[PDB]
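Enquirer: Before we start, here is the structure in question, set down as structure tokens.
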2 protein chains.
Amino acid sequence: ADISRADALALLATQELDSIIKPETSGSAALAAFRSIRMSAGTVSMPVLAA
Amino acid sequence: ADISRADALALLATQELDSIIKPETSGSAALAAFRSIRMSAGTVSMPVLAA
């Protein structure tokens, strides 16, 4: 007779990884590529040459 | 009659290499390549982002 690992299973320590496994993150390609303006009004009016 | 090489055999010098003929050793590719953590528990639980 001896203490098997099954007999001592309730005594065994646990460890948990300190950090989450996740993919890398990235921002919009649009805000990276294009010029942007601060809008103060909820609409900006833009004049375009037509003819 | 003459002194044969067998008649003088007990008087002959000897010489030995200073070292053993052996191949090069090399480590595990696994421990060389991949990151490792210290386990303290025999099992570690790892959380993974899923959605």
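Naming scheme: A, B, ... for chains in displayed order of the structure tokens; residues 1 onward per chain; ligands 1 onward as shown.
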Taking only C-alpha atoms into account, produce a table as CSV in which each residue of chain B with an atom at most 7 Å from an atom of chain A appears once, together with its shortest atom pair and the distance in Å to one decimal, ordered by chain and rising number.
Expert:
residue,atom,partner,partner_atom,distance
B:40,CA,A:15,CA,6.8
B:41,CA,A:13,CA,5.1
B:43,CA,A:14,CA,6.6
B:44,CA,A:15,CA,4.8
B:45,CA,A:16,CA,4.7
B:46,CA,A:17,CA,5.2
B:47,CA,A:20,CA,5.2
B:48,CA,A:21,CA,4.6
B:49,CA,A:22,CA,5.3
Enquirer: When DSSP works through the backbone of this structure, what residues of segment 6-49 of chain A end up as alpha helix (DSSP H), shown as a PDB file with C-alpha atoms, in the first residue's frame?
Expert:
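Output (part17.pdb):
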ATOM      1  CA  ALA A  29      -7.575  51.799 -42.006  1.00  0.00           C
ATOM      2  CA  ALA A  30      -9.801  54.831 -42.793  1.00  0.00           C
ATOM      3  CA  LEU A  31      -8.564  57.093 -39.921  1.00  0.00           C
ATOM      4  CA  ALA A  32      -4.981  55.984 -40.679  1.00  0.00           C
ATOM      5  CA  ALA A  33      -5.187  56.774 -44.438  1.00  0.00           C
TER       6      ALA A  33
END
Enquirer: Give me the RMSD in Å over all C-alpha atoms, paired in order, after least-squares superposition of chain B onto chain A.
Expert: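 In short, the RMSD is 1.3 Å.
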